[PDB]
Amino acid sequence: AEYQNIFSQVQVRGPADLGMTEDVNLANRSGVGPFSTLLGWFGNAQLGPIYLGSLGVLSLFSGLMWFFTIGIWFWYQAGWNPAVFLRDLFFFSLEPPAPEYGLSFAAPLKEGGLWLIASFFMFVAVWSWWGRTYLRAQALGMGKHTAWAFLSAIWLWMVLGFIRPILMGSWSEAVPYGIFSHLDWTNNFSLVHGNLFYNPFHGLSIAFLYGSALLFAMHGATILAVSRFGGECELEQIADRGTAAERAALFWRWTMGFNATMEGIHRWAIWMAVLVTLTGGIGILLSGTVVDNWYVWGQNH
């Protein structure tokens, strides 16, 4: 049949693209990485360069230390046995301090202390990375939409391992570092709070999660459908509306009675996604602090 534009038919490559300079400190930018013909069939084949200033080195260091702290603990549980490590990889878990220890740091290393250390590194890694999303945009004179959207995800994460536990009075309320264990934590959290399906913010969070898939499926398909008119050149279409943008808009207007603009659809997009964790964080934060049982709460409201 006809080309669907899911994979490119022919790849072209030119000299490594070193990018825009603007106010970026080129001294902190690496050289270009290798080119991946594999990736090139779907998106850009070029890897790098990447920017790594002090803040970035800190974030990567902390992030790795977070990963390694959990990992060293996993090896311990495995008795330092490689075969056991792989066998029970998904079963290992770095648990938080017991309720007894409250919010103190007196818990033994093997009984909460290591979880606190790992968490500290994660805290530094994530917040320094956030600064990075802000600073990389600033150096290029771009808006700070990325940093603000990232903050929404950070909100749920902060609520889960820091804000809620503090308000609840103990680190024991936080999430453990483990594949199966964090799943068990999630199930237990719902059981203990009267079924999260009754939490209105959880219902909203789901609406936006499903909605994000609905919207990206809609937007991705639309742009591919009008790529024959250069529809993917979104910034160009915002600055000088082309037939690609008009047909995209009319497809939707004729289908559902209303439509967006090339710039506006990305505002629908950023909010649809951001609202997932925004409502989510609120729903979780209210659980146990203000509402002990959602089913019960729903009976009164």
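Quick note: we count residues from 1 along the sequence shown, nothing fancier.
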| property | result |
| --- | --- |
| Entry-level comparison of average CA B-factors, 68-76 and 212-220, reporting the higher stretch | 68-76 |
| Comparing 287-295 with 273-281, the one whose average Cα B-factor in the PDB entry is higher | 287-295 |
| C-alpha B-factor winner, where the candidates are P176, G231, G194, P82 | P82 |
| Out of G40, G264, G53, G257, residue topping the C-alpha B-factor column of the entry | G53 |
| Third assignment of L26 from its chain's C-alpha B-factors | highest |
| CA B-factor placement of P97, once the chain's modelled residues are sorted into thirds | highest |
| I166 by Cα B-factor - lowest, middle or highest third of the modelled chain | highest |
| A207 CA temperature factor, ranked by third within the chain | lowest |
| Assigned third (lowest, middle, highest) for the C-alpha B factor of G141 | middle |
